[PDB]
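Take a look at this single chain, the form deposited in one PDB entry, given in structure tokens.
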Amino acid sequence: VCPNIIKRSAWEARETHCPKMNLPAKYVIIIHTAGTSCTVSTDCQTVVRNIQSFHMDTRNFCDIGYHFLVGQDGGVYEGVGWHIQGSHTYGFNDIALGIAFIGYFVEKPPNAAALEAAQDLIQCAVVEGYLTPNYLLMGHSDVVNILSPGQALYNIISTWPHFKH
């Protein structure tokens, strides 16, 4: 059914009190972190933890801006989760579940384990009623001017169901 999902406590997330996300979301936006990648769970948690602190301390967000992140370890990491507002895409933080692949994917795409985990996640969101059945899937760059989720990754998701052409 739903992939495992590594929680904030596991990667030692800082505590916050951020605005709630009203479910179900109408869109899914694919993003890459554009930073280092990670193929083992402990390396990925550290990466997630630093991102939360980067977003909070330098970008001044309320928390990590993603709802979830996916690692080349085939792991799905909880960003703010399903119930919190996001801080990933201008104008879509309250209606779009932001999912970031941990890594930089313009030249090379996430591995099979990552791509697979991402999809199982999306599937779960619909099944569970967190996403509308008719939801739209888009690339970060289709929405705003930004270098994400990277061409190689873009080419893959564009073949996904619901991808908005």
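The first residue of the sequence shown is number 1, and the count goes up from there. Residues that one form lacks are left out of the comparison. The term rigid core refers to the most C-alpha atoms you can superpose between the two forms while keeping them within 1.5 Å.
K.L.:
If you average the Cα B factors in the entry, which is higher, 65-73 or 37-45?
P.N.:
On average, C-alpha B-factors are higher across 37-45.
K.L.:
Check where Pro109 lands among this chain's C-alpha B-factors and tell me if it's the lowest, middle or highest third.
P.N.:
Answer is highest: the recorded C-alpha B-factor places it there.
K.L.:
Taking only the Cα B-factors deposited for this chain, tell me whether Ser9 sits in the lowest, middle or highest third.
P.N.:
According to the entry, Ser9 has a C-alpha B-factor in the chain's lowest third.
K.L.:
Would the CA B-factor of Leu97 place it in the lowest, middle or highest third of its chain?
P.N.:
Middle third by C-alpha B-factor.
K.L.:
Check where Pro19 lands among this chain's C-alpha B-factors and tell me if it's the lowest, middle or highest third.
P.N.:
As the PDB entry reports it, the C-alpha B-factor of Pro19 lands in the highest third of its chain.
K.L.:
Looking at the temperature factor on the CA atom of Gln52, which third of the chain's modelled residues does it land in?
P.N.:
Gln52: CA B-factor falls in the lowest third of its chain.
There is another form of this protein, the form deposited in another entry, and it is not shown here; the text below is about that form.
K.L.:
Taking only shifts of 2 Å or more in Cα after a rigid core superposition between this form and the one not shown, tell me which of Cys18, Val144, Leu23, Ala10 qualifies.
P.N.:
Going through each option, the one that shifts is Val144.
K.L.:
Can you confirm the direction of the Cα distance change for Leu23 and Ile156 in the other entry, closer or farther than in this form, given it is 3 Å or more?
P.N.:
Residues separate in the other entry, at least 3 Å farther apart.
K.L.:
Three or more consecutive residues, each Cα shifted by 2 Å or more between this form and the one not shown after core superposition: list those runs for me in sequence order.
P.N.:
144-165 is the only stretch that shifts between this form and the one not shown.
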